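Everything below concerns the one structure shown next.
The sequence lines fix the lettering, A, B, ..., with proteins before strands; numbering per chain opens at 1.
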Protein chains: 2
Amino acid sequence: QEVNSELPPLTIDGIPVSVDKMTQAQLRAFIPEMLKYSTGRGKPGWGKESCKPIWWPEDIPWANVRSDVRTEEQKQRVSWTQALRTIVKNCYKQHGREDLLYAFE
Amino acid sequence: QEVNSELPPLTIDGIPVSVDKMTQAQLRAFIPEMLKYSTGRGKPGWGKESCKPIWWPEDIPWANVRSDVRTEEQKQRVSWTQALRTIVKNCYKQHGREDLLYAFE
DNA sequence: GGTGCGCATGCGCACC
DNA sequence: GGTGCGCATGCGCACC
């Protein structure tokens with residue numbers, strides 16, 4: 001874990017939302033923003049090993065969330081929505097920002 | 001004029017900068033963000049008449065600031081940097097956010 | 001609502 | 001520093 005004061009608050013267009021209530025569409029939009037704030041870089045570097053975050057979930061490929069590239073079997077163990085929530089949850093935890101993650105509870 | 005509480009503050013990565021001291025590079029980055037906050041839309045709609053802001057400067061084409069498309073003569077009356085500052089200044093004025101524009105003075 | 005995908009668009013490289 | 005430009009990338013359309 002490595003604290004990052006710079007992760008955004010779990011709000012969309014201002015309204016506070018918990019990660020568990022974000023829609024698939026909202027998550028897909030939130031995740032690149034979280035990555036920009038998380039790394040300071042303007043571009044995620046999707047797919048490049050050198051840019052794979054340490055907290056990236058293991059049963060998801062390091063790939064643009066634009067289009068789910070998981071294996072068909074991977075898609076049965078976990079829904080694409082649950083997978084996108086794991087991406088967010090894993091990023092906030094690894095930065096020790098559980099305060100922000102569980103704020104809406 | 002139409003007040004917009006939602007225009008960003010004239011800061012880059014946190015540091016406050018006046019529009020007159022922004023570098024060409026910084027301006028090119030700032031302007032699309034200003035447009036997003038200005039309109040609520042995710043995409044500027046560069047070139048489309050239906051999206052041309054009313055405050056757009058007259059001696060600049062409605063075109064991605066990525067690449068200066070002004071006529072060669074237009075480029076002599078006004079430098080590309082001065083042109084990009086006019087874009088910002090005109091947007092903040094038309095939204096009545098002179099408080100933000102002249103903050104650093 | 002979920003999700004693939006078309007493509008506009010802005011990050012940052014390249015070169016002066 | 002200035003600026004053109006290559007192209008990765010995420011907004012939002014399309015369709016279920």
Item checked: B:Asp20/B:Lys89 ion pair, N-O < 4.0 Å -> yes
Margin query: Please enumerate all residues that pass side chain to side chain contact (heavy atoms under 4.5 Å, CB included) together with A:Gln76, with sequence neighbours excluded.
Written below: A:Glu72
Check: Short question: side chain of B:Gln94, backbone of B:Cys91 - any donor-acceptor pair under 3.5 Å?
Finding: no
Notebook entry, point to check: What is the distance from NZ of B:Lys36 to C1' of D:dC11, rounded to the nearest Å?
Noted result: 9 Å
If you restrict it to nitrogen or oxygen atoms, what contacts under 3.5 Å exist between nucleotides 12-16 of chain D and the protein, and what is each distance?
from   : atom 1 : to      : atom 2 : distance (Å)
D:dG12 : OP1    : B:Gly42 : N      : 2.9

Checklist line | Nearest listed nucleotide, side chain of B:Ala29, among C:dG10, C:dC11, D:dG4 | finding: C:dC11
Check: By ring pair (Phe, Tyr, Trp, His ring centres under 6.0 Å), which residues pair with A:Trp80, not counting sequence neighbours?
Finding: none
Next item on the list: Return each pair, listed once, that meets ring-ring contact (aromatic ring centres under 6.0 Å, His included) where at least one residue sits in residues 7-51 of chain B; pairs must be two or more places apart or across chains.
Entry: B:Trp46-B:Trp62
Item checked: Ranges pairing with ranges for DNA chain C, where each run has three or more Watson-Crick or G-U pairs under 3.5 Å -> C:1-16 with D:1-16
Item checked: Proximity to DNA chain D (any heavy atom under 4.0 Å), residues of residues 18-27 of chain B only -> B:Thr23, B:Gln24, B:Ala25
Checklist line | Whole-Å gap separating P (D:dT9) and CE (A:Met34) | finding: 15 Å
Checklist line | Atom pair CD1 (B:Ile31) and CG (B:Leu84), whose distance is rounded to the nearest 0.5 Å | finding: 4.5 Å
